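The structure file work_37.cif is reproduced below (mmCIF, N, CA and C atoms).
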```cif
data_query
loop_
_atom_site.group_PDB
_atom_site.id
_atom_site.type_symbol
_atom_site.label_atom_id
_atom_site.label_comp_id
_atom_site.auth_asym_id
_atom_site.auth_seq_id
_atom_site.Cartn_x
_atom_site.Cartn_y
_atom_site.Cartn_z
ATOM 1 N N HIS T 1 -3.380 -7.228 24.357
ATOM 2 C CA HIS T 1 -3.612 -6.190 23.367
ATOM 3 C C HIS T 1 -2.430 -6.130 22.399
ATOM 4 N N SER T 2 -2.599 -6.797 21.266
ATOM 5 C CA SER T 2 -1.557 -6.827 20.253
ATOM 6 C C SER T 2 -2.168 -7.133 18.884
ATOM 7 N N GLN T 3 -1.701 -6.399 17.885
ATOM 8 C CA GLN T 3 -2.189 -6.580 16.529
ATOM 9 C C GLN T 3 -1.026 -6.870 15.580
ATOM 10 N N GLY T 4 -1.376 -7.364 14.401
ATOM 11 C CA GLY T 4 -0.375 -7.687 13.398
ATOM 12 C C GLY T 4 -0.054 -9.183 13.406
ATOM 13 N N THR T 5 -1.081 -9.977 13.145
ATOM 14 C CA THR T 5 -0.922 -11.422 13.120
ATOM 15 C C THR T 5 0.411 -11.801 12.470
ATOM 16 N N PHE T 6 0.857 -13.011 12.773
ATOM 17 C CA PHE T 6 2.110 -13.504 12.228
ATOM 18 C C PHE T 6 1.932 -13.977 10.783
ATOM 19 N N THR T 7 0.724 -14.435 10.489
ATOM 20 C CA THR T 7 0.410 -14.918 9.155
ATOM 21 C C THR T 7 1.038 -14.007 8.098
ATOM 22 N N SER T 8 1.302 -14.594 6.940
ATOM 23 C CA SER T 8 1.899 -13.850 5.843
ATOM 24 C C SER T 8 3.169 -13.143 6.321
ATOM 25 N N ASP T 9 3.702 -12.300 5.449
ATOM 26 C CA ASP T 9 4.910 -11.559 5.767
ATOM 27 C C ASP T 9 4.530 -10.237 6.437
ATOM 28 N N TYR T 10 3.376 -10.251 7.090
ATOM 29 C CA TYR T 10 2.890 -9.066 7.774
ATOM 30 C C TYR T 10 4.022 -8.360 8.522
ATOM 31 N N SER T 11 3.744 -7.130 8.929
ATOM 32 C CA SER T 11 4.726 -6.340 9.651
ATOM 33 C C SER T 11 5.639 -5.609 8.665
ATOM 34 N N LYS T 12 5.233 -4.396 8.320
ATOM 35 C CA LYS T 12 6.000 -3.585 7.390
ATOM 36 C C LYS T 12 5.656 -3.996 5.957
ATOM 37 N N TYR T 13 5.881 -5.270 5.670
ATOM 38 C CA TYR T 13 5.600 -5.800 4.346
ATOM 39 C C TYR T 13 4.326 -5.181 3.768
ATOM 40 N N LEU T 14 3.339 -5.016 4.637
ATOM 41 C CA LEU T 14 2.070 -4.441 4.227
ATOM 42 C C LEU T 14 2.329 -3.271 3.274
ATOM 43 N N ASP T 15 1.916 -3.461 2.030
ATOM 44 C CA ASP T 15 2.097 -2.436 1.017
ATOM 45 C C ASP T 15 0.889 -2.433 0.078
ATOM 46 N N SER T 16 0.504 -1.236 -0.338
ATOM 47 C CA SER T 16 -0.630 -1.082 -1.234
ATOM 48 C C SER T 16 -0.830 0.395 -1.575
ATOM 49 N N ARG T 17 -0.046 0.859 -2.536
ATOM 50 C CA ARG T 17 -0.126 2.245 -2.965
ATOM 51 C C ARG T 17 0.060 2.344 -4.480
ATOM 52 N N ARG T 18 -0.708 1.531 -5.193
ATOM 53 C CA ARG T 18 -0.637 1.517 -6.644
ATOM 54 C C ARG T 18 -0.698 2.944 -7.193
ATOM 55 N N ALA T 19 -1.771 3.636 -6.835
ATOM 56 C CA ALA T 19 -1.961 5.005 -7.283
ATOM 57 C C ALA T 19 -0.826 5.876 -6.742
ATOM 58 N N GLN T 20 -1.202 7.057 -6.271
ATOM 59 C CA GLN T 20 -0.231 7.989 -5.724
ATOM 60 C C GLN T 20 0.805 8.359 -6.787
ATOM 61 N N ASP T 21 0.847 9.644 -7.106
ATOM 62 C CA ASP T 21 1.782 10.139 -8.101
ATOM 63 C C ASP T 21 1.221 9.874 -9.499
ATOM 64 N N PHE T 22 0.807 8.632 -9.711
ATOM 65 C CA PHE T 22 0.251 8.237 -10.993
ATOM 66 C C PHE T 22 -1.160 8.800 -11.175
ATOM 67 N N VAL T 23 -1.774 9.148 -10.053
ATOM 68 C CA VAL T 23 -3.118 9.698 -10.075
ATOM 69 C C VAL T 23 -3.130 10.975 -10.919
ATOM 70 N N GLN T 24 -1.945 11.544 -11.087
ATOM 71 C CA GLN T 24 -1.804 12.763 -11.866
ATOM 72 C C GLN T 24 -1.807 12.441 -13.362
ATOM 73 N N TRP T 25 -2.169 11.204 -13.667
ATOM 74 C CA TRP T 25 -2.218 10.758 -15.050
ATOM 75 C C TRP T 25 -3.595 10.143 -15.301
ATOM 76 N N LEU T 26 -3.988 9.258 -14.396
ATOM 77 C CA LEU T 26 -5.275 8.595 -14.506
ATOM 78 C C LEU T 26 -6.390 9.603 -14.225
ATOM 79 N N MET T 27 -5.987 10.751 -13.699
ATOM 80 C CA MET T 27 -6.939 11.803 -13.380
ATOM 81 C C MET T 27 -6.226 13.034 -12.816
ATOM 82 N N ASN T 28 -5.445 13.672 -13.676
ATOM 83 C CA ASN T 28 -4.707 14.858 -13.278
ATOM 84 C C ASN T 28 -5.692 15.945 -12.844
ATOM 85 N N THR T 29 -5.407 16.530 -11.689
ATOM 86 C CA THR T 29 -6.256 17.581 -11.154
ATOM 87 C C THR T 29 -7.729 17.189 -11.274
#
```
Write the structure described by the file as structure tokens, please.
Amino acid sequence: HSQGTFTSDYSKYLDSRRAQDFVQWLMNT
């Protein structure tokens, strides 16, 4: 029982938060 394949720079590297904070511009409130 283990996840997080070795492939790619997986492990932490995983990033994907383009929006957040900016959402207050592309669609404020």
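On the backbone of this structure, DSSP gives helix (DSSP H, G or I) within chain T to residues 23, 24, 25 and 26 of chain T.
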Please put the answer as lines of an AutoDock Vina configuration file: centre and edge lengths, in Å with one decimal, of a box along x, y and z that encloses all listed atoms of segment 1-9 of chain T plus 5 Å on each side.
```
center_x = 0.6
center_y = -10.5
center_z = 14.9
size_x = 18.5
size_y = 18.8
size_z = 28.9
```
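The coordinates place atom CA of residue 15 of chain T at 23.4 Å from atom CA of residue 28 of chain T.
Atom CA of residue 14 of chain T to atom C of residue 2 of chain T spans 15.5 Å [interatomic distance, one decimal].
Interatomic distance, atom CA of residue 18 of chain T to atom C of residue 6 of chain T: 23.5 Å.
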